[PDB]
Amino acid sequence: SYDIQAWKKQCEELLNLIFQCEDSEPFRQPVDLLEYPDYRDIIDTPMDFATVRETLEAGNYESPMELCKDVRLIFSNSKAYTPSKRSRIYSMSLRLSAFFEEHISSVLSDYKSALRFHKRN
Ligand SMILES: O=C(CCNC(=O)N1CCCN(C(=O)c2cccc(Cl)c2)CC1)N1CCc2sccc2C1
């Protein structure tokens, strides 16, 4: 399967599944600064799933590795902001991360294989 472009629709599909997951609800839009006025004293680069989907749809990802970096930032921000490893929002982030990683692995492998095939000669 050597289609260099196939990752984009595969990532759209996976974002749709993430938006159906109840565990994504805290991460679908930017963290609420009124509720969390100290957020930007901890978190240098906010990220959320609506921003990832918009970046993808705008044609502003060149590879699925770039999308994966932004999704992993959603999860590292949650871990950095949590007051406890037992907190609800952080606990939802860990389940959603496991789901994401289980599904993105084939997207990344297929893309990287397609690029190697493109450069074979
Ligand atoms: O629930 C908490 C945690 C304390 N409260 C907090 O510091 N936060 C709660 C609000 C969410 N939050 C965000 O800013 C955030 C981060 C990512 C995404 C989004 Cl959407 C929002 C983090 C800040 N516990 C105290 C009471 C008890 S008693 C037994 C266990 C506990 C644990």
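Provide the per-residue ³J(HN,Hα) series for the range 33-50, in order, calculated from phi with Karplus coefficients 6.51, -1.76, 1.60 and θ = phi - 60°, each as a whole number of Hz, with x at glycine and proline positions.
So the Karplus estimates, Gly and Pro as x, are 6, 5, 5, 10, x, 8, 3, 7, 7, 9, 9, 6, 10, x, 8, 8, 5, 5 Hz.
Kirkwood hydrodynamic radius of the chain from all distinct Cα pairs, in Å? Please list the in-between numbers first.
Values: mean 1/r = 0.0649 Å⁻¹.
Value: 15.4 Å, from the Cα pair sum.
What FRET efficiency, computed as 1/(1 + (r/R0)^6) with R0 = 25 Å and r the Cβ-Cβ distance, is obtained for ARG116 and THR55, rounded to the nearest 0.05? Don't skip to the end; give the middle numbers.
Numbers: r = 25 Å, r/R0 = 1.02.
Rounded to the nearest 0.05, the efficiency is 0.45.
Using only alpha carbon pairs under 8 Å that are at least six residues apart, calculate the relative contact order of the chain and give it in whole percent. Could the numbers behind the result be given before it?
Details: 106 pairs, mean separation 49.6, N = 121.
Worked out over the chain, it gives 41 percent.
Hey, what do the phi angles of the range 51-68 turn into as Karplus ³J(HN,Hα) couplings, whole Hz, using 6.51/-1.76/1.60 and θ = phi - 60°, x for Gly and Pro?
Along the range 51-68, the couplings run 4, 4, 4, 4, 4, 4, 5, 6, x, 10, 9, 8, 8, x, 4, 5, 4, 4 Hz.
Please go through the residue pairs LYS9/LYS69; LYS79/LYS112; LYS9/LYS119; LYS8/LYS119; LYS79/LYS119 and name each one whose alpha carbons sit more than 27 Å apart in this structure.
Details: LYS9/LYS69 18 Å; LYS79/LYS112 29 Å; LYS9/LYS119 23 Å; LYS8/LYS119 20 Å; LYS79/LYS119 39 Å.
Result: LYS79/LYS112; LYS79/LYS119 exceed 27 Å.
Using ideal geometry, Cβ is built from the backbone for each residue, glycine included, and neighbour counts are taken over all protein chains shown. Quick note: the coordinates plus some simple rules give every number you see, no bench work behind them.
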